[PDB]
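J.:
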Amino acid sequence: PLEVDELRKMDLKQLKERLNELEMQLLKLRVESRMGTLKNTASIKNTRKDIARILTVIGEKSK
Amino acid sequence: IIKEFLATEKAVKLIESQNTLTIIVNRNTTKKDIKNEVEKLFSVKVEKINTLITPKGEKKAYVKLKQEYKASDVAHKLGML
Amino acid sequence: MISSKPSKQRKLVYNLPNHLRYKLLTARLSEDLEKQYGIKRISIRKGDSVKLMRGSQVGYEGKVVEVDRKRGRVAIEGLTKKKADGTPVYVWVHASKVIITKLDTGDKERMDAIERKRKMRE
RNA sequence: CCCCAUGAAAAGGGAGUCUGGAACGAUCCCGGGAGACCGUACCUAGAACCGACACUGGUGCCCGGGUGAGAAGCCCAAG
RNA sequence: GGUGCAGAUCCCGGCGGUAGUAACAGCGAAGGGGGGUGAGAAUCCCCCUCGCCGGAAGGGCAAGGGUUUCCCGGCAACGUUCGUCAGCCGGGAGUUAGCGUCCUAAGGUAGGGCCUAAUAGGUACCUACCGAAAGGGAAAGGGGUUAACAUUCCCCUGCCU
RNA sequence: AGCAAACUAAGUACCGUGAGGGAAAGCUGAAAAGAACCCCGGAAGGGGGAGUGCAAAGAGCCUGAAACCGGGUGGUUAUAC
RNA sequence: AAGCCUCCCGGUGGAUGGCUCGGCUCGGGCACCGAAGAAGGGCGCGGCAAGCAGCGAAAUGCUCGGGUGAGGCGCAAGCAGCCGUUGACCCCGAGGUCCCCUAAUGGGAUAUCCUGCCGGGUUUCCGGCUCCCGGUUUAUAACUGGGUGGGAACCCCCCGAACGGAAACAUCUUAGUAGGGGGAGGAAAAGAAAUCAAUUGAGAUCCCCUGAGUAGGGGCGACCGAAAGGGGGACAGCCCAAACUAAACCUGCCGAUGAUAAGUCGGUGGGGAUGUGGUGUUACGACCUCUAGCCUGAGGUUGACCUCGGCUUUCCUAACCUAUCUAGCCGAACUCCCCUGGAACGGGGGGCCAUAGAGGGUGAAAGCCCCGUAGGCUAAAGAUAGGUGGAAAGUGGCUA
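Chains as they are written, first to last, in UniProt numbering: chain A, 2 to 64; chain B, 2 to 82; chain C, 1 to 122.
(1) Does B:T31 come out as helix, strand or coil in the three-state DSSP assignment?
(2) Can you check whether the C-beta of A:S34 is within less than 8 angstroms of a C-beta belonging to chain B?
(3) So which residues on chain B does A:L28 lean against when the C-beta distance must stay under 9 angstroms?
(4) Output the boundary residues of the beta strand (DSSP E) element that contains B:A62.
(5) Could you please give the first and the last residue of the uninterrupted alpha helix (DSSP H) stretch that includes B:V39?
(6) Among all the DSSP beta bridges, which residues are the ones paired with C:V93?
(7) Tell me whether A:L27 sits in a helix, a strand or coil according to DSSP, three-state version.
(8) So if I threshold CB-CB distances at 8 angstroms, which residues from the region 3-17 of chain A count as touching chain B?
(9) Pair every Cβ in the region 8-18 of chain C with every Cβ in the region 51-67 of chain C, then say whether three or more of these pairs are closer than 8 angstroms.
(10) Quick one: grab the DSSP three-state call for C:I114.
(11) What residue range does the beta strand (DSSP E) around C:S49 cover?
(12) How many Å lie between C:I100 and C:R28 at the Cα?
(13) In whole angstroms, what separates the C-alpha of A:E4 from that of A:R19?
(14) Can you list, in chain order, the residues of its chain with a C-beta nearer than 8 angstroms to that of B:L66? Leave out the 5 residues immediately preceding and following it.
(15) Count Cβ pairs between the region 80-92 of chain C and the region 35-49 of chain C that sit closer than 8 angstroms; are there 3 or more?
(16) With 16 other CB atoms within 10 Å as the buried threshold, where does C:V91 fall?
(17) With contact counted as at least three CB pairs below 8 angstroms, one residue from each stretch, are the region 44-57 of chain C and the region 103-111 of chain C in contact?
(18) With C-beta atoms as the reference, is A:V58 less than 8 angstroms away from A:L27?
(19) From the DSSP output, read off the bridge partner residues of C:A27.
(20) Rounded to whole angstroms, what is the Cα-Cα separation between A:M25 and A:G37?
(21) Using CA atoms only, rank isn't needed, just tell me which of C:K83, C:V93, C:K81 and C:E77 is closest to C:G55.
(22) Under a Cβ-count criterion, where at least 16 other Cβ atoms within 10 Å of its own Cβ denotes burial, should C:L24 be classed as buried or exposed?
(23) Step through the CB atoms of chain B and report whether any lies within less than 8 angstroms of the CB of A:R31.
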């Protein structure tokens with residue numbers, strides 16, 4: 002999943018938990034430190050890259 | 002902010018033996034409460050926490066739960082068991 | 001104005017930045033290609049086919065299946081040298097000794113690059 | 001008992017006395033709540049420190065019986 | 001034209017001979033038998049016995065080293081021999097405190113000022129602060145549990161602010 | 001040699017309590033085609049045999065001298081430099 | 001029996017020979033960064049991640065445009081997986097984030113770490129806290145608003161060495177160099193003569209070549225050592241104090257206007273007669289004032305005078321246009337025949353472009369196989385330069 006534009010579309014209140022809900026499942030992927038043996042290594046990069054974006058898009062809304 | 006759920010052979014007993022959790026967080030070098038982090042992320046009361054400074058560069062904390070919250074469940078919800 | 005010392009020149013081709021790699025891929029088309037396209041040389045893309053003029057296997061026609069963009073050489077199917085085990089590995093032949101035979105008109109973004117080269121109408 | 005040597009100072013505590021204040025009110029007990037951050041593994045040296053080394057050199061510190069004044073020597077306890 | 005080399009107790013790299021020679025003694029330790037593992041055993045492991053130390057080769061504690069701790073698998077070197085073994089190599093794990101931080105001596109500093117041409121210079125004066133893991137300094141122990149650390153985790157008794 | 005530096009990190013490892021001093025080290029062929037496979041050993045890019053490839057001096061990989069040492073070729077020795 | 005010598009073969013070392021994404025010199029361009037947090041370090045950061053490099057908890061890259069155009073996921077080939085045609089990766093520009101120490105400045109440091117006080121919203125958290133300049137409020141309380149360090153060499157200015165040389169050595173010299181301290185910028189310094197020289201001349205300074213080891217200095221010892229003039233380069237020259245005008249003055253904020261600029265306007269606060277602003281600073285004089293005389297387009301006044309014109313100086317940069325720089329792009333001619341060769345980029349034959357035969361690559365020594373080359377072309381968005389714009393002040397000339 003690569004969300005790119007709808008972040009700019011709608012309100013900022015929801016993206017807080019949208020950040021949170023992503024943040025939680027980041028932990029879920031973070032079980033790999035035990036050799037989680039999770040299939041999608043790129044998910045972390047997918048997770049890590051996108052999480053910053055919404056954490057960046059908020060500035061465009063002059064937070 | 003919470004970063005990972007450690008799963009060493011040492012840890013697994015603790016979540017069973019004492020219903021604790023081995024969680025390592027940022028090295029924020031300032032804490033009053035790693036406590037109130039969990040419940041807004043897991044809805045669990047806290048009974049005690051402590052401080053660890055591992056030589057590998059992380060900051061470990063033994064957090065134990067009151068008996069009303071069986072720590073194995075949330076871990077199973079997380080998904081290592 | 002660019003220098004002519006051998007050393008500096010070789011540095012570019014050993015350090016080719018990514019958006020310039022087409023340079024070591026472009027190969028000569030055929031007459032029939034330029035007959036309806038009005039163009040001499042163009043960069044290679046996948047999904048194409050080529051013919052060969054130099055090397056021990058001169059005179060082959062295959063399909064553009066493999067490529068080495070960073071250093072600039074390609075490969076075509078139906079042409080392999082068996083390893084000791086018996087699995088095939090792709091023969092590596094440079095664009096420098098090849099002639100293209102056909103291209104893929106299914107991109108609409110490679111197409112306009114063809115167009116902008118002053119080729120006549122369509 | 002000795003001194004032509006007279007043998008450290010703060011913070012921190014506790015008490016005493018006098019002034020002002022409000023009447024509620026504890027240095028009592030009873031119930032409740034909390035108590036940053038960081039040190040914390042191992043080795044202390046005839047192999048873990050230094051002396052270029054798995055070095056008879058130095059750097060430490062402290063602590064069973066009998067025989068025997070004995071921490072002397074001997075042997076044997078713990079190890 | 002950096003220009004022709006045997007040296008300069010030349011420099012650097014390689015390898016000679018003395019050569020399998022010295023040494024692997026000397027400071028009061030010492031092993032033996034049987035079994036096991038593994039290719040390979042004086043050297044590693046199991047059993048028994050035996051000798052030595054025993055105000056130290058024992059026990060617990062620093063500054064320092066920084067993983068030297070533990071588990072699992074290994075031996076080309078690394079070990080003064082060997083080596084299945086190790087502080088060695090390779091794959092993983094591991095220190096929790098309501099029961100140092102505070103103050104201060106030797107002194108020191110930083111500033112204000114007294115000089116120095118200037119200063120990263122000295123500074124008698126004043127002010128602010130640093131200065132002890134053996135100085136002083138509130139308060140807990142007991143038992144019990146992991147291979148690995150514990151007055152810290154489990155239980156009881158507490159205790160101090 | 002070229003500035004120390006062309007290399008997996010060079011002011012890096014390191015020697016020094018300290019100001020500081022200060023290294024060594026390039027080349028497989030074009031394409032790893034890196035010897036599948038069979039025998040020895042436990043193993044070692046180790047042996048042998050096969051195979052790739054113009055060529056294998058095929059990982060310690062261009063070419064490969066001497067000091068050296070070993071096998072052999074040719075002379076040649078225990079009354080003697 | 002040792003061997004001995006030489007030679008063939010092998011291993012042991014790697015010089016030779018060859019190759020080079022490296023340095024080295026030159027010339028030419030370019031040539032400050034910093035409290036909005038530097039340079040310099042310390043830490044982290046990827047699926048499996050050690051160093052470098054890059055990156056800053058928004059950690060192998062976040063956003064937006066511009067170019068680019070089919071693969072990308074560094075150094076660096078593995079397992080596994082993903083991004084990419086809804087335009088990737090890359091490159092350009094604009095942003096966003098941007099930990100800790102660090103001149104580090106809330107306070108403290110033998111801790112790259114701990115720790116307060118206010119104000120803000122408030123969950124995370126955010127702003128401010130040595131020495132000064134000018135303001136608020138009491139005349140000491142806090143509060144409004146803006147000099148520190150680094151940078152390869154270079155530059156300026158103070159302090160200031162011995163070694164040696166004199167075949168000794170003490171004066172002298174080596175020498176204001178080595179070095180110390182302060183302080184800048186991209187250049188610095190200096191810069192308008194109390195200059196020279198000499199037959200009445202030249203005309204800021206600086207550097208280059210000469211003048212010239214000349215002048216001149218010193219146990220007259222080693223040695224040191226000009227100027228003037230000439231010849232070259234670019235050659236630019238304006239403000240202050242005074243005489244004399246005398247509040248006609250400068251400046252903070254807010255609001256309006258003005259393109260947001262400057263300026264003007266209304267209110268505001270400050271500074272100022274112990275002097276702001278106006279003209280003006282030069283030598284056989286200059287300048288100012290007064291007197292007298294002659295001398296501007298409109299108006300007025302009494303040949304004469306005055307007010308409003310153009311002009312000089314200064315300040316302000318905007319939207320637009322032009323050019324230049326950051327980017328990619330166009331860009332000729334054979335892979336024709338025979339032979340050798342693993343490969344033709346070789347040998348022979350054959351044909352051609354050239355304003356492009358610098359150069360590099362591709363299985364070798366290729367103008368015509370590929371790039372590039374001579375020549376020409378590219379902009380959203382920025383940056384630079386010029387024009388196009390606006391405003392303020394000071395305003396006759398000559399003569400005695």
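Heads up, the beta-carbon is just placed ideally off N, CA and C, and yes, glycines get one too.
T.: Short version:
(1) Three-state DSSP puts B:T31 in coil, outside helix and strand.
(2) Yes, A:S34 counts as interfacial toward chain B.
(3) Against A:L28, the close residues of chain B are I3, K4, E5, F6, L42 and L79, in the order they occur along the chain (beta-carbon pairs closer than 9 angstroms).
(4) Note, B:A62: beta strand (DSSP E), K60 to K65.
(5) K36 to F43 is the span of the alpha helix (DSSP H), which, as asked, contains B:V39.
(6) BP columns for C:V93 point to C:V74.
(7) Three-state result, A:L27: helix.
(8) Those would be none; no residue qualifies.
(9) Flag = no, the region 8-18 of chain C and the region 51-67 of chain C do not touch.
(10) In the structure shown, C:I114 falls within a helical segment according to DSSP collapsed to helix, strand and coil.
(11) Going by DSSP, C:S49 is part of the beta strand (DSSP E) stretching over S49 to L52.
(12) Rounded to the nearest angstrom, the gap between the Cα atoms of C:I100 and C:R28 is 6 angstroms.
(13) Between A:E4 and A:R19, the C-alpha separation is close to 12 angstroms.
(14) A distance below 8 angstroms between beta-carbons, with the five flanking residues on each side excluded, links B:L66 to the following residues of its chain, in chain order: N20, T21, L22, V45, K46, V47, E48 and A72.
(15) Because the criterion of three Cβ pairs below 8 angstroms is not met, the region 80-92 of chain C and the region 35-49 of chain C do not touch.
(16) With 16 or more other Cβ atoms within 10 Å, it is buried.
(17) A contact exists between the region 44-57 of chain C and the region 103-111 of chain C.
(18) In this structure, A:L27 does not lie closer than 8 angstroms to A:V58 by Cβ.
(19) Beta-bridge pairing links C:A27 to C:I42.
(20) Approximately 16 angstroms between the Cα atoms of the pair.
(21) The option with the nearest alpha carbon to C:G55 is C:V93.
(22) Burial call: buried.
(23) Closer than 8 angstroms to some Cβ of chain B, the Cβ of A:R31 qualifies, so yes.
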